[PDB]
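Protein chains: 2
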Amino acid sequence: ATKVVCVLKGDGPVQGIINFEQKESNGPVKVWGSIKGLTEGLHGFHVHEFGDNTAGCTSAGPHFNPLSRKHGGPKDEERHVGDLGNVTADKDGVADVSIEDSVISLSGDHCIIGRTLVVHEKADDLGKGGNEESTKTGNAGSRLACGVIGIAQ
Amino acid sequence: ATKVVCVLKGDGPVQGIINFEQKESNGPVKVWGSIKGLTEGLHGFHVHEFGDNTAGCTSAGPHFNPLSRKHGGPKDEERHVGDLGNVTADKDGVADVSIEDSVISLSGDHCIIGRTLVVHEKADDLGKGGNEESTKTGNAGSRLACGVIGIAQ
Ligand SMILES: [Cu+2]
Ligand SMILES: [Cu+2]
Ligand SMILES: [Zn+2]
Ligand SMILES: [Zn+2]
């Protein structure tokens with residue numbers, strides 16, 4: 002794949018549009034877009050395993066993790082494929098998202114197409130929280146909005 | 002893939018859940034589930050090209066058609082990959098979908114993961130309407146509900 006898009010929606014005010022682009026079947030994935038409705042500050046931003054919206058964001062499952070690693074930040078060697086870290090919302094509740102990641106992919110074994118993008122209630126502690134939950138979700142809390150990742154024109 | 006799912010939602014009362022399962026790469030895809038809120042009778046049922054929900058079902062674009070063929074019914078050689086024909090709603094407004102198709106796939110060039118499933122306003126004429134629109138959309142009319150096709154557990 003080359004271009005993909007995800008529309009985040011939830012039961013609250015959080016909504017956004019996140020694009021993904023991958024020039025090469027191997028490489029870096031550019032991820033960008035905007036999310037509104039958020040409390041100012043850091044929010045966990047992850048690719049969850051299943052593109053299943055049958056029970057809202059809950060049915061998305063845990064973080065996409067085909068290498069069976071523990072949770073971390075995007076720069077850690079130890080992390081889930083789906084660990085994209087935090088995004089930052091401004092005082093207007095708006096997160097201008099721009100991330101480049103070489104672990105997720107739009108092709109191959111780490112393909113995230115058909116999976117779910119989630120934006121969280123609180124900051125992802127990137128696996129340094131000192132408890133089991135930190136090693137699973139970064140303590141990012143509830144899922145405020147999500148969308149299935151789909152193929153874009 | 003083995004298993005994928007799609008949650009259909011739209012601007013009106015149509016909603017449903019559709020499952021797709023494929024056991025061999027080859028291989029035939031079983032499609033099944035329930036759609037409620039429909040007018041009794043025949044409704045067009047297609048996989049559209051983009052998993053892009055940015056502007057409702059409109060942004061899903063045209064029928065998935067990597068072979069650049071004309072619109073047909075699922076039994077036709079001449080058809081788009083996305084042409085699943087009609088589903089039938091009963092007098093309760095419920096379409097209990099059960100289709101088997103070996104043109105769509107959950108992998109390879111005809112993969113529908115990350116594309117959009119749509120259920121339409123009217124019957125799909127299966128490319129037998131005698132006008133240009135018939136050879137494109139089957140004259141199935143408006144898009145009542147759609148969802149991105151996602152990976153299920
Ligand atoms: Cu998460
Ligand atoms: Cu259609
Ligand atoms: Zn994680
Ligand atoms: Zn068609």
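From first to last, the protein sequence lines stand for chains Y and V.
Final position of the first sequence in the UniProt record's numbering is 154; the numbers increase by one with none missing.
Final position of the second sequence in the UniProt record's numbering is 154; the numbers increase by one with none missing.
A virtual CB, placed ideally from N, CA and C, is assigned to each residue, including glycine.
Would you give the residue range spanned by the beta strand (DSSP E) that residue i belongs to?
i                  : result
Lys-4 of chain V   : 4-9
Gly-34 of chain V  : 30-37
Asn-20 of chain V  : 16-23
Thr-117 of chain Y : 117-121
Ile-114 of chain Y : Looking at the DSSP string, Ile-114 of chain Y is not in any beta strand (DSSP E), and its letter there is neither H nor E.
Report the three-state DSSP secondary structure of residue i (helix, strand or coil).
i                  : result
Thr-136 of chain V : helix
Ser-60 of chain V  : helix
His-72 of chain Y  : coil
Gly-109 of chain Y : helix
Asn-87 of chain V  : strand
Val-98 of chain Y  : strand
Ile-150 of chain V : strand
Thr-40 of chain Y  : coil
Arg-144 of chain V : strand
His-49 of chain V  : strand
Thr-55 of chain Y  : strand
Between the Cα of residue i and those of the options, spot the shortest distance and give me the residue it belongs to.
i                      : options                                     : result
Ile-36 of chain Y      : Y:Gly-74, Y:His-49, Y:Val-88 and Y:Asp-53   : Y:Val-88
residue 1 of chain V   : Y:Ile-114, Y:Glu-134 and Y:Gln-154          : The structure shown does not extend to residue 1 of chain V, since chain V is modelled only from 2 through 154, so no value can be given for it.
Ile-150 of chain Y     : Y:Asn-20, Y:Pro-14, Y:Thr-138 and Y:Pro-63  : Y:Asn-20
residue 158 of chain V : V:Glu-133, V:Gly-109 and V:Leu-43           : Absent from the structure is residue 158 of chain V, since the part of chain V shown begins at 2 and ends at 154.
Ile-105 of chain V     : V:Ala-146, V:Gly-62, V:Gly-86 and V:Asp-12  : V:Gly-86
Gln-16 of chain V      : V:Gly-142, V:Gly-94, V:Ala-61 and V:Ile-100 : V:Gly-94
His-121 of chain Y     : Y:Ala-2, Y:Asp-12 and Y:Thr-3               : Y:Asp-12
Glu-134 of chain V     : V:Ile-18, V:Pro-14 and V:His-64             : V:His-64
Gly-109 of chain V     : V:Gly-62, V:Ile-100 and V:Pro-67            : V:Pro-67
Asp-53 of chain V      : Y:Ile-18, Y:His-111 and Y:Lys-137           : Y:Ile-18
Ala-146 of chain Y     : Y:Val-5, Y:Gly-45 and Y:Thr-3               : Y:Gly-45
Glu-101 of chain Y     : Y:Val-30, Y:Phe-51 and Y:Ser-143            : Y:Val-30
How many whole angstroms separate the CB atoms of residue i and residue j, which I take to be in contact at a CB cut-off of 8 Å?
i                  : j                  : result
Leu-39 of chain V  : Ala-124 of chain V : No, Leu-39 of chain V and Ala-124 of chain V are not in contact; Cβ-Cβ is about 12 Å, not under 8 Å.
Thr-117 of chain V : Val-8 of chain Y   : Rounded, the Cβ-Cβ distance is 11 Å, inconsistent with contact.
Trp-33 of chain V  : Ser-99 of chain V  : 5 Å
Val-119 of chain V : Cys-58 of chain V  : 6 Å
Check whether the stretch 66-83 of chain V and the stretch 17-26 of chain V touch, using three or more Cβ-Cβ pairs below 8 Å as the test.
Output reads no: the stretch 17-26 of chain V does not touch the stretch 66-83 of chain V.
Three or more C-beta pairs under 8 Å: does that hold for the stretch 55-75 of chain V against the stretch 128-144 of chain V?
yes
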